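Here you get one chain, nothing else, as C-alpha cells; it is the form deposited in one PDB entry.
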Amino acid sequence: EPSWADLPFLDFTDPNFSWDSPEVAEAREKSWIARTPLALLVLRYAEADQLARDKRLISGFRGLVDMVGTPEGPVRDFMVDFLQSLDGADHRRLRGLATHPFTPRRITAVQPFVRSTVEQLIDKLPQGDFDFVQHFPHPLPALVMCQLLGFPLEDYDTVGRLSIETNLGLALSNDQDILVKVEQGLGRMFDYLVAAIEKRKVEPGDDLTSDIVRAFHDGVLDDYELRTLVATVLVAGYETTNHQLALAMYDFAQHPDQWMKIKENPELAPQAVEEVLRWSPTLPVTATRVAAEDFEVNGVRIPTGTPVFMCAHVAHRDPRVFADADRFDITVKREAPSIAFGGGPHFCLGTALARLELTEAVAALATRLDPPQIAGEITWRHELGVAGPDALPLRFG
C-alpha cells in the first residue's frame, strides 16, 4: 500500500526491542499507527481505544496463528477455536455462558474471599529474600480461579502449574521442538479439566465449570466447546493476573515513596492499580484485530485482511491524553482510564475481577508491609502476549 510508505517501522518481535526505547516514542509522535512484520500497530490512545470496538474489525488471533505458521495439532486447534478467535453468533453464544460470575455484582460476592485469601497469603510470606511470584503472584490468581471454576482450593499449585506448563505464546511459532512441550502441557491441563468436568456432569454446583456443564445439558454448546471454554477462562485468568501483580511490585520497588502514600491512605489503592495498568500493562499489545472490510482512518487506508494490533503500552504513554506520561504517579487524577483490558465484544471478561485482585493485593501489601526492594535477578517472560516477571526476587525491607 502507498499510504503505508511514510509509516514508522517497528519490530516488537526483536529480542533487542524495548517498548520504552526513544524510537518508539518518536514513532508515536510521528504517527498514530506503525508498520510491523505481523500487523499495523496503533500507537496513540484515542485510536487504540476506538478501534478495539470498531465493527469493521473482527478478531485477529486466527490471522496471527496462521501468520507465524503454527503447525497442525491440538495446540493450533485450541488457538483457532477458543473464545478470542471467534466472532458474531458463535462468540456471543460462548462468551454468554461464562459471563455470570464476572458480572460486577457477583464480583462483589467474591470480594470477601479475595480479601481473606490475600490476608492469608501475606501471613505466610517469608521473612527474608523470596520470589514474589511463587509466594503471592502465583497463589492468589490460582486460588481465585479454583474458587470460580469449582476446583478444590488445595489444588491451587497444580492448577497454576498446569497453565505454566502450557505456554501458548511459545506455540505462536513454526518450531516443532518447542511445540512438543506446549502440546504436552495442553494435554495435561485437559486431563485435569475433563476429570473435573465429568464430576460436574453428575453433580452440578454453583461454580463456573458447573455453569458451562449446565449449558451443555441444555444443548447450547458441544463437549469440545465445553472443555475449550473452561481452558480459555483458566489461562486468560491466571497468566495475566499473575504477571500484572509481579509488575505492580516492580513499579513500587522503583518508586518506594508512593507505596508509603498508600500505607497512609489505603483508599488510594484503586487509582494505584490503574497507574500500574497504565505504566506497565501485562499485555503490551491488547487487542489483535483483522479488517473485515475496506476503510480509512486518518488518511491511512486499511484493506480487507490487514491485521491491526492495539498497543496499550505505547498508548498509555501518550501525552495527548495523560499528564506527565512517562512518570509513574498514583496521585494524579486521570481523565481517561487505562485500556489494559482491550475493548469491543472481546473486552476482557475478567476486567472487574482482575481489578479486584490487584486492588485488594495492593491495599493490604502496602498497609501491612514496607516498600518492596528487588533482591536478585528478575526472570522476564520473552514470549509474545503476556509480559512480566516469571520470577521476582524481592524483600519488603
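Just so we're on the same page, rigid core means the largest C-alpha set that superposes within 1.5 Å between forms. Numbers for residues come from their place in the sequence shown, where the first is 1.
Relative to one another, 313-321 and 296-304 have unequal mean CA B-factors, and 296-304 is the one with the higher figure. 181-189 and 221-229 differ in mean CA B-factor, and the higher of the two is recorded for 181-189.
The residue among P270, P139, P71, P281 whose C-alpha atom has the highest B-factor in the PDB entry is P71.
Between the residues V235, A248, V285, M260, it is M260 that shows the highest Cα B-factor in the PDB record.
When the modelled residues of the chain are ordered by their C-alpha B factor, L356 lands in the lowest third. Annotation for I58: C-alpha temperature factor in the middle third relative to the rest of the modelled chain, per the entry. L121: CA B factor in the middle third of modelled residues in this chain (values from the PDB entry). In the deposited entry, the Cα temperature factor of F102 places it in the highest third of its chain's modelled residues. Among the modelled residues of its chain, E264 has a C-alpha B-factor that falls in the highest third according to the deposited record.
FYI, the form deposited in another entry isn't displayed, but the following is about it.
The residue among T103, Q127, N265, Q176 whose Cα moves by 2 angstroms or more between this form and the one not shown, once the core is superposed, is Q176. Taking 2 Å as the criterion, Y192 does not count as shifted between this form and the one not shown: its C-alpha moves by less than this amount when the rigid core is aligned. Once the cores line up, the CA of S31 ends up less than 2 angstroms apart between this form and the one not shown. Residue displacement note: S338 has its CA displaced by under 2 Å between this form and the one not shown (rigid core superposed).
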